[PDB]
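A short worksheet on the structure shown next.
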Amino acid sequence: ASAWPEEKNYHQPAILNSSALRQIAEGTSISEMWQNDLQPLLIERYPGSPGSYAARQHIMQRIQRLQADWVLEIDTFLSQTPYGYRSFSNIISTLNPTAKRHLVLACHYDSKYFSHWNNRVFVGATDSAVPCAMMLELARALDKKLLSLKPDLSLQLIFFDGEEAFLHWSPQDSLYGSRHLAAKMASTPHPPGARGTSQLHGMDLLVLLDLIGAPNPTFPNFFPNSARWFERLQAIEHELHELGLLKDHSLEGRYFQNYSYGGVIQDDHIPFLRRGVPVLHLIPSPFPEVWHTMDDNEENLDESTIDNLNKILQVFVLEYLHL
Amino acid sequence: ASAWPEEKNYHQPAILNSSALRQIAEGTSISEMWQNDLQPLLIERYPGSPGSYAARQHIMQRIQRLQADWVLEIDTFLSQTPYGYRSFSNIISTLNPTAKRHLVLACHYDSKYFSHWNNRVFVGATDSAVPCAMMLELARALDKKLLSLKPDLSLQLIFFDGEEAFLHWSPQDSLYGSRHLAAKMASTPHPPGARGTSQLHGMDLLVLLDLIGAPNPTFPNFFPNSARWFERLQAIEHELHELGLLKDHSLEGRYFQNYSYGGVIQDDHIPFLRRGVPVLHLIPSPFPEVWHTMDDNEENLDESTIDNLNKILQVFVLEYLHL
Amino acid sequence: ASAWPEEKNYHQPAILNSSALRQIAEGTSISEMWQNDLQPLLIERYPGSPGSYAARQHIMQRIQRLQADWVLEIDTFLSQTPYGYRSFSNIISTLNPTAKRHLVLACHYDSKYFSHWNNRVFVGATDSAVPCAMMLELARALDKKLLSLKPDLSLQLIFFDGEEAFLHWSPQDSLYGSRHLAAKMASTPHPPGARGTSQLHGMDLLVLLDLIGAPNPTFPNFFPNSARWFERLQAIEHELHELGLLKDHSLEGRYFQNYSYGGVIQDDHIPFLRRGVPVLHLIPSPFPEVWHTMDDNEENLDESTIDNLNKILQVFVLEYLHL
Amino acid sequence: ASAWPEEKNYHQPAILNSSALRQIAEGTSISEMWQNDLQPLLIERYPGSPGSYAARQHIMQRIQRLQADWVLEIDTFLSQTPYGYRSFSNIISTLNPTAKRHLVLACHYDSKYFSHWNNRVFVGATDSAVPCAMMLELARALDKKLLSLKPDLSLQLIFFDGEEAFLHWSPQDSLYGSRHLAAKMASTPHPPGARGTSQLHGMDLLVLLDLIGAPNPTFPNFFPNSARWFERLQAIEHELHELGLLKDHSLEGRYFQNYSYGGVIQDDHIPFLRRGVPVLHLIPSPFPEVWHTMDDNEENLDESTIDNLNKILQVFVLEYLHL
Amino acid sequence: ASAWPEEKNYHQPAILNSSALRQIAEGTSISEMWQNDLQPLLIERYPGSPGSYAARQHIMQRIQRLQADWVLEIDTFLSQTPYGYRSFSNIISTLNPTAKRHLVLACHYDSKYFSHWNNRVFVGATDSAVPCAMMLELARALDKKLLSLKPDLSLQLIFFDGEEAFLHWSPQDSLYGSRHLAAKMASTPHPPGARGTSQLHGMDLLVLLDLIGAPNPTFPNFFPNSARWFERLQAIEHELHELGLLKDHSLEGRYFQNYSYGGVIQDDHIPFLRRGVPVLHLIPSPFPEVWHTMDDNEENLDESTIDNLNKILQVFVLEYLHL
Ligand SMILES: O=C1Nc2cccc(O)c2/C1=C/c1ccc2[nH]cnc2c1
Ligand SMILES: O=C1Nc2cccc(O)c2/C1=C/c1ccc2[nH]cnc2c1
Ligand SMILES: O=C1Nc2cccc(O)c2/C1=C/c1ccc2[nH]cnc2c1
Ligand SMILES: O=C1Nc2cccc(O)c2/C1=C/c1ccc2[nH]cnc2c1
Ligand SMILES: O=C1Nc2cccc(O)c2/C1=C/c1ccc2[nH]cnc2c1
Ligand SMILES: [Zn+2]
Ligand SMILES: [Zn+2]
Ligand SMILES: [Zn+2]
């Protein structure tokens, strides 16, 4: 072995000064997101649907148009399901695919499948369209600072397909895209040429976005080995606050509260967690009230909470990457 | 047929009086223990390592020098790993190894393997040198009373090796020591000649110590089939306090708070829980802030708390045995 | 296929008005239940025993004599245990077995096995003799209304056998009755004739009653996919309070409090949960103080709480069933 | 545990006098079985299909009409498959089901699915329509004698559904009818009321036919626990050959040759074999030139082979049973 | 999915004229293969070793210089072993990779590991150097005719890696490279774009050469799904002898001895077998006397057998592609 698989345990962020926090907050627009990034994602988009494709395309078009040098893979692939073999398509977007080490942001871009019911269709605006767009926006806003990557550490985005069960939740039916990738990754050597290290050794932290966009969200600290990064999220919230750069926000309705969580939620982090990647699992607890109902729509999203999280998330990242 | 494997559900402590308690609190010396028992254990001691043999060795010397008739074993064994085959040696000390029934205290004596960082070394002072020292001090301090063991019950210690993961947490990369010993014990008639009962039948209660020594520990009540025993710790802690025999201690920071914990922590109790041994898992929640950092060192141990838990554990254990 | 299996996902209660609720409250008798439904069952009744058969007869008898066209079946089977192959018998009681959708109420009629000790016997009053009697007392109290059934939806009761471990709680030694019937039903097409849908697609909801009986329960909201229905028991609890209809009750000692839970409890629901049946697990957290003690007897049951739960549950059902 | 489930190991044939053998070989018509029991099933019959339902009904026509008190049970059921849950229906015809012990003859009434090709359809003459017809022709030919069952033994036919793969052969995609029924009978006390003796116990021996009906076939001795029962066929072939009653039959081309076999064949006996039911697996070895060909049709059946095997078999049966 | 996946089942060879056989048999030179392909590969080449690279590199150069448009992929991939992780590389030479249906030839190119014994080194000449060679030679011999592929059917060579155990042969420790490719192929839509047909579905038949190059070898016919292609290897054998294009060859020691085998040989075909690929396993039985000995070397190969085979294969292939 070498020892760069351990740099991640000692990596510390480069915190920002008020002046620079001001720039980031100004730097993101929730209304360009609602419109250019998000509103096209609010379609049925279950696996194999024409929405999976148009969403898939959408996602790319919007990255493909930034200036940073995003390398875009489509891991199309086949997996068995209760209704038989079916075709899935993960989207990986990478800066510096040799960037030996990577911080990874991820969501799922699929939407559960439901029959239409009294003319209503499920689009998951929280589950998980807001996370997709949040990621899209982050690329957009950080684009100029992200150019400065031509520590051997860059950023990677993943939009998994196939997160939701088709019929009914169970290990055998769920997490199609991330069960695949987790494993295809553990058996790809990194960097090219390596001999005992995989692409999983270069995932410093997997930051997973799930179920985001409802009001009054509260995220637990799930794992002890990413706690310190959670504590950063706390602090970034507290300070963006104390400087007036959050909207409709108060410390008694914080998002990241130093309460921990008992059990585990299953999600696209599990395939990775179980292989030892450190996961920062930004899923709120309790779930949104509209969870897995046709009311998980745009009408019930909370614009101001998304905007605040964009700013929190964009800071955490630049801080982690020392940009 | 004998039903002695049930005697454990109806087992009651013989609770102690305020003379007795004063006497115990008197005859335990956090400062001897710190010098004589724990300072030797504070070295890189991952399985393999010279540390490991030193510690193994240390542990046995300080037991061998006490008067009661301890019987130490060194189950050394092979088992597969991500880095190929490797060798582990558990330490089992036992009084009265025909004591049909045994109360068992236990911990792990390895230290996790970490490369060296800024010429710093991971030595695991709470994970888990302190528990090991605590156990060794308890045998010391109780020695003259343990002699009494020449209800057919006695005490037994175990110091597991290979609790930690070599690479990354998983069923397959962890608990090498305890997984091994739980099997070998499930398959060993107890008592010699028995036909249907294994040594696990003889394990009353497994008290397992992990992650002790940091300030403001809070120990959940994890299992309903050991919860009256967790009540006794609550009650011991209380009296030793109302009697003024704890140091820097207040009830607003009790250690045993009647709080119930969601999930399961993974640890050396697992192989014995899933086979039906009761466990009193003295691990705190949340873990210590220094967990699995190079800061899990001696400078960050709280003498006073460790000393308080000695008294508590020592009294628990005498009450269990009726000494 | 047809979409009726999704109906459960949109199904609303037919909430009842004050006068209706006054009627229901007056319609159930806790003492009748106690005398004629529950005292028969407080015997040693573990699988095999004379108890098990006496208990089994007793249940059907008491069902048999009602006016609604209940269809009792037995389902004797055989399963391996750590003492060999022993023989079990589940009780099903169905209304309108052609009712494509059923709401299911279920509990467990076996008693854990213990050696007599001090000439006492484990009879499992809360675990789970009381829940059996409540389901009984609901079939009686609601009989006139339940007759109306000659939305395609009716009610099944299930009394499971062999819930408890024979020696030691493990996946292998536990839930004999429910792992049997989960499977049996997942492989019985429903409605007869169908080609893609099982008897489980026609479980709207499984209400599992376990460990009810003791003073001061608190029931957590275990699952998001049944939370709306937990909320309804919150609403029922409230309104029946606001109206005088509960005894020795205060809202600061509510039964159903919006408190979600950490890790999963294992119980007859699991063979169903993981096949996708939404579950409502009316078990308390913390368990009763008498859990698996000989003291789990008649003397330690709060008749007054059980009465209050009888009423809450009886309403919950009429509201589901639109009676 | 009791005796009778061991009788099947001490069981001996009533070897039959030269004369009666004539009556037997005289009372079976090959062309009645060809027109009346066989040509009906020479149709597409994969499961679910119209052919399936037709065949299942044809089979019953014939059994139902014979004088003996055959007890018919369809066993419909559901199971997961490479195209999703699908439904399956075994057939079981039983005499004296109170008869604790049953000699059991079995085969598979489905056809394997193929697209069409050349406007040609796969029908499974060998695999396994002929096995089926043979069992019918058998129950006819012997009905007058079977009638005598009003040792506690009797006979049972079983036609399995869904033995063949939907897609490709795998333990997950095959033997749907036998994996099922094995389990259903493993879990079924026999005789009614029993507490340790399943319905497999009373399976004396399992004669499974398969791919029968091409010319010049070879049946290896497969299992030691039935080689005694194989030797009798070897003996039965001989003596019927020596006595003139075969047709077109060399002894230097016997059907039952001494010649053990190396590996196993996967077939509807596995499930019943893993659980220790004595099997007699009349499948040829090799397989017919036509196997899983469009040509496995009626033109390439040899009337004489089949007629030869109906004689052997029916004598095998009557000897086993003491008629 | 449609039906082209079934074309194989009905695919027929374009048998050859005795004019052509000569034309072909003339066209292979056992001696150039012997100094141009075979000898380079006779080197230590277990996985990870420089000989592994040296051999891999040799394989391609030769295919590179060929006229056809062979498309060599390189499947470097990482897997777990008893010595820990380690890297591995499979070679995939393909033609018309858009050819939906392929015929596939394979062997493994690694060599078992051994210590050095009295100055001897293991180079599995039999195992399986010759096979790498025989396949290369075929690609030569026929290139001009392969050229004609620009039914949608073509050809593919696969040289696996890590076929040989590292230590003690076992499922977990063998076929590293083929287990990895069956899975990667199982999950890769073929053709590009499809929605339920994998790359395995294009494998019409996998021809697997192993342990070839001793004298007088008997290849059994292992599988019924491919016996009709074993018979073609007879027909071709037997006709080339009587035409005299075989050397040192009697028809009293034919290789393809229509003789059936019992059990299954574990080898690289297995992962492909249990996913339903049709396999023609050309591994003699018994294995060479040299097997897994220092003596499995050039000295003990039989130039004449090898050339012979070299001729049957090439014919078989030409007959499969109709060329
Ligand atoms: O999909 C699901 N079906 C369920 C049925 C019963 C209980 C459950 O917890 C679930 C469930 C969980 C879940 C977890 C993360 C998710 N992210 C987006 N949708 C998400 C869903
Ligand atoms: O070793 C570990 N690596 C992890 C990565 C993510 C989450 C985790 O809980 C762990 C973990 C757990 C753990 C549990 C009990 C222990 N006792 C002593 N060390 C202990 C460690
Ligand atoms: O049976 C059990 N033996 C245990 C030993 C240690 C820890 C445990 O949680 C259990 C346990 C659980 C349990 C769960 C649900 C039940 N419902 C009725 N009895 C119940 C018992
Ligand atoms: O169905 C099958 N598809 C295969 C593909 C490759 C190799 C094989 O051995 C098989 C196979 C076996 C088989 C076994 C018993 C049968 N009884 C009736 N049809 C039968 C078929
Ligand atoms: O590797 C092996 N070790 C064994 C030990 C005992 C019995 C066996 O059949 C084997 C064995 C089989 C085998 C199969 C294909 C091979 N190709 C090259 N080596 C090959 C070896
Ligand atoms: Zn640790
Ligand atoms: Zn219980
Ligand atoms: Zn070999």
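Protein sequence lines correspond, in order, to chains A, B, C, D and E.
Okay, so the first sequence: first residue is 7 according to the numbering used here, each after it adds one.
Okay, so the second sequence: first residue is 7 according to the numbering used here, each after it adds one.
Okay, so the third sequence: first residue is 7 according to the numbering used here, each after it adds one.
Okay, so the fourth sequence: first residue is 7 according to the numbering used here, each after it adds one.
Okay, so the fifth sequence: first residue is 7 according to the numbering used here, each after it adds one.
By construction, the Cβ of each residue, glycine as well, lies at the ideal position given by its N, Cα and C atoms.
Next on the checklist: Can you pull the chain A neighbours of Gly54 (chain D), defined as C-beta to C-beta under 8 Å?
Outcome noted: The residue labelled residue 54 (chain D) in the question sits at position 48 within the fourth sequence. Neighbours of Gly54 (chain D) in chain A, taken as residues whose beta carbon is under 8 Å from its own, are absent, since the nearest beta carbon is some 15 Å off.
Next on the checklist: Measuring straight from C-alpha to C-alpha, what distance separates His298 (chain D) and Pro11 (chain E)?
Outcome noted: As a first step, residue 298 (chain D) must be located in the fourth sequence, where it is residue number 292. As a first step, residue 11 (chain E) must be located in the fifth sequence, where it is residue number 5. Answer to the nearest angstrom: the Cα atoms are 16 Å apart.
Checklist entry - If we ignore side chains and look at the alpha-carbon of each, how far apart do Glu245 (chain C) and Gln29 (chain C) end up? => result Counted from its first residue, the third sequence places residue 245 (chain C) at position 239. Counted from its first residue, the third sequence places residue 29 (chain C) at position 23. One C-alpha to the other measures close to 14 Å.
Item to check | Under the three-state DSSP convention, the category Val77 (chain C) falls into | outcome: As a working note, residue 77 (chain C) is residue 71 in the third sequence. Of the three classes helix, strand and coil, the one that applies to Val77 (chain C) here is strand, per DSSP.
Checklist entry - Which residue comes first and which comes last in the beta strand (DSSP E) that contains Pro226 (chain B)? => result Residue 226 (chain B) sits at position 220 when you count from the first residue of the second sequence. Segment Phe225 to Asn227, the beta strand (DSSP E) holding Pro226 (chain B).
Checklist entry - So, helix, strand or coil for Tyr91 (chain C), using DSSP? => result Working through the third sequence from its first residue, we reach residue 91 (chain C) at position 85. Correct three-state label for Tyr91 (chain C): strand.
Item to check | Nearest-angstrom Cβ-Cβ length linking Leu251 (chain E) and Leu27 (chain E), presumed shorter than 8 Å | outcome: To locate residue 251 (chain E), count along the fifth sequence from 1; it is residue 245. To locate residue 27 (chain E), count along the fifth sequence from 1; it is residue 21. Indeed they touch by this definition, with Cβ atoms about 6 Å apart.
Next on the checklist: Contact defined as beta carbons within less than 8 Å: I believe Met66 (chain B) pairs with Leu78 (chain B). What is the distance between those atoms, to the nearest angstrom?
Outcome noted: As a first step, residue 66 (chain B) is located in the second sequence; it is residue number 60 there, counting from the start. As a first step, residue 78 (chain B) is located in the second sequence; it is residue number 72 there, counting from the start. With a Cβ gap of about 5 Å, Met66 (chain B) and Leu78 (chain B) count as contacting.
Next on the checklist: List, from N- to C-terminal side, the alpha helix (DSSP H) runs of 4 residues or more that fit wholly inside the stretch 220-276 of chain B.
Outcome noted: For the stretch 220-276 of chain B, the continuous alpha helix (DSSP H) assignments of 4+ residues that do not extend past its boundaries occur at 233-248, in sequence order.
Item to check | Per-residue burial, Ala31 (chain E) [other beta carbons within 10 Å of its own, 16 or more giving buried] | outcome: Here the question's residue 31 (chain E) lines up with position 25 in the fifth sequence. With 16 or more other Cβ atoms from the protein chains shown falling within 10 Å of its own Cβ, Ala31 (chain E) counts as buried.
Next on the checklist: So, for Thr100 (chain B): in the same chain, excluding its five sequence neighbours on each side, which residues have a beta-carbon less than 6 Å away from its beta-carbon?
Outcome noted: In the second sequence, residue 100 (chain B) corresponds to position 94, counting from 1. Cβ neighbours of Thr100 (chain B) beyond the five flanking positions: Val77 and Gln162.
Item to check | Within 7 Å of chain E by C-beta, residues of the stretch 259-270 of chain D in sequence order | outcome: Answer in chain order: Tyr267, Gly268 and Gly269.
Item to check | Unbroken alpha helix (DSSP H) run spanning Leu72 (chain A), endpoints | outcome: Indexing the first sequence from 1 puts residue 72 (chain A) at position 66. Element bounds for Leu72 (chain A): n/a, residue is neither H nor E.
Next on the checklist: For ligand 3, is there any heavy atom lying closer than 8 Å to the beta carbon of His298 (chain C)?
Outcome noted: Mapped onto the third sequence, residue 298 (chain C) falls at position 292. Taking 8 Å as the cut-off, one finds at least one heavy atom of ligand 3 near enough to the beta carbon of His298 (chain C).
Checklist entry - In angstroms, rounded to a whole number, what distance separates the CA positions of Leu211 (chain E) and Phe228 (chain E)? => result Reading the fifth sequence from its first residue, position 205 is the one you call residue 211 (chain E). Reading the fifth sequence from its first residue, position 222 is the one you call residue 228 (chain E). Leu211 (chain E) and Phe228 (chain E): Cα-Cα distance of roughly 14 Å.
Item to check | Paired residues, beta bridge with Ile97 (chain D) - DSSP | outcome: The residue you call residue 97 (chain D) lines up with position 91 of the fourth sequence. Residue pairing by DSSP places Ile97 (chain D) opposite D:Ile80 and D:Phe165 in a beta bridge.
Item to check | Three-pair Cβ contact test at 8 Å for the stretch 307-321 of chain C versus the stretch 133-141 of chain C | outcome: Because the criterion of three Cβ pairs below 8 Å is met, the stretch 307-321 of chain C and the stretch 133-141 of chain C touch.
Checklist entry - Per DSSP, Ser204 (chain E) forms a beta bridge with which residues? => result Translated into positions along the fifth sequence, residue 204 (chain E) becomes position 198. According to DSSP, which records beta bridges pairwise, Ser204 (chain E) is partnered with E:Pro195.
Checklist entry - Among A:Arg281, A:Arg201, A:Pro177 and A:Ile218, which one has its Cα closest to the Cα of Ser176 (chain B)? => result Taking the second sequence and counting its residues from 1, the one referred to as residue 176 (chain B) is at position 170. Looking at the Cα atoms, A:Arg281 is the closest of the given residues.
Checklist entry - Between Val321 (chain E) and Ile218 (chain E), is the Cβ-Cβ spacing less than 9 Å? => result Your numbering for residue 321 (chain E) matches position 315 in the fifth sequence. Your numbering for residue 218 (chain E) matches position 212 in the fifth sequence. No, the pair does not count as a contact, with Cβ atoms beyond the cut-off.
Checklist entry - How would you call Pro53 (chain B), buried or exposed, if buried means at least 16 neighbouring beta carbons within 10 angstroms? => result Here residue 53 (chain B) is taken as the residue at index 47 of the second sequence, counted from 1. That one is buried.
Checklist entry - Should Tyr115 (chain C) be labelled buried (16 or more other beta-carbon atoms within 10 Å of its own) or exposed? => result Position 109 of the third sequence, counted from the first residue, corresponds to residue 115 (chain C). Under this definition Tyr115 (chain C) is a buried residue.
Next on the checklist: Measuring straight from C-alpha to C-alpha, what distance separates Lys317 (chain B) and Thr34 (chain B)?
Outcome noted: Position 311 of the second sequence, counting from 1, holds the residue named residue 317 (chain B). Position 28 of the second sequence, counting from 1, holds the residue named residue 34 (chain B). In this structure, the CA atom of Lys317 (chain B) is about 7 Å from the CA atom of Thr34 (chain B).
Item to check | Delimiting residues of the beta strand (DSSP E) encompassing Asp210 (chain A) | outcome: The sequence position of residue 210 (chain A) within the first sequence is 204, counting from 1. For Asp210 (chain A), the enclosing beta strand (DSSP E) stretches over residues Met209 to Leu215.
Checklist entry - Based on the DSSP output, what are the partners of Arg126 (chain C) in its beta bridges? => result Taking the first residue of the third sequence as 1, we reach residue 126 (chain C) at position 120. DSSP lists C:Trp123 as partners of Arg126 (chain C).
Next on the checklist: Just checking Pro284 (chain C) against ligand 1 - is the residue's beta carbon closer than 8 Å to any of the ligand's heavy atoms?
Outcome noted: Here residue 284 (chain C) is taken as the residue at index 278 of the third sequence, counted from 1. True, at least one ligand heavy atom lies under 8 Å from that Cβ.
Checklist entry - Closer than 8 Å, Cβ to any Cβ of chain B: which residues of the stretch 83-98 of chain A, in chain order? => result The residues in question: there are none.
Next on the checklist: Below 8 Å on the Cβ atoms is my contact criterion, and I expect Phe166 (chain E) with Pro88 (chain E) to pass it. Report the Cβ-Cβ distance as a whole number of Å.
Outcome noted: Residue mapping note: residue 166 (chain E) aligns to position 160 of the fifth sequence, counting from 1. Residue mapping note: residue 88 (chain E) aligns to position 82 of the fifth sequence, counting from 1. Contact flag wrong, Cβ pair sits at about 19 Å.
Checklist entry - Around the C-beta of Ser154 (chain D), are 16 or more other C-beta atoms found within 10 angstroms, so that it is buried, or is it exposed? => result The sequence position of residue 154 (chain D) within the fourth sequence is 148, counting from 1. Exposed, since its Cβ has fewer than 16 Cβ neighbours within 10 Å.
Checklist entry - Listed from N- to C-terminal order along the chain, which residues in the stretch 197-208 of chain E have their beta-carbon within a distance smaller than 7 Å of any beta-carbon of chain A? => result The residues in question are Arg201, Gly202 and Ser204.
Checklist entry - Listing by chain order, which chain E residues have their CB less than 8 Å from the CB of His174 (chain D)? => result Residue mapping note: residue 174 (chain D) aligns to position 168 of the fourth sequence, counting from 1. Neighbours of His174 (chain D) across chain E, judged by C-beta separation under 8 Å: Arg281 and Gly282.
Next on the checklist: Buried or exposed, going by whether 16 or more other CB atoms sit within 10 Å of the CB of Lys106 (chain A)?
Outcome noted: Within the first sequence, the letter at position 100 stands for residue 106 (chain A). Buried, since its Cβ has 16 or more Cβ neighbours within 10 Å.
Next on the checklist: Is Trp123 (chain A) close to ligand 4? I mean its beta-carbon at under 8 Å from any heavy atom of the ligand.
Outcome noted: Taking the first sequence and counting its residues from 1, one reaches residue 123 (chain A) at position 117. Flag unset: Cβ of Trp123 (chain A) not near ligand 4.
Item to check | Proximity test, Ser134 (chain B) beta-carbon vs ligand 6 heavy atom, cut-off 8 Å | outcome: Here residue 134 (chain B) is taken as the residue at index 128 of the second sequence, counted from 1. Checking the Cβ of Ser134 (chain B) against ligand 6 gives yes.
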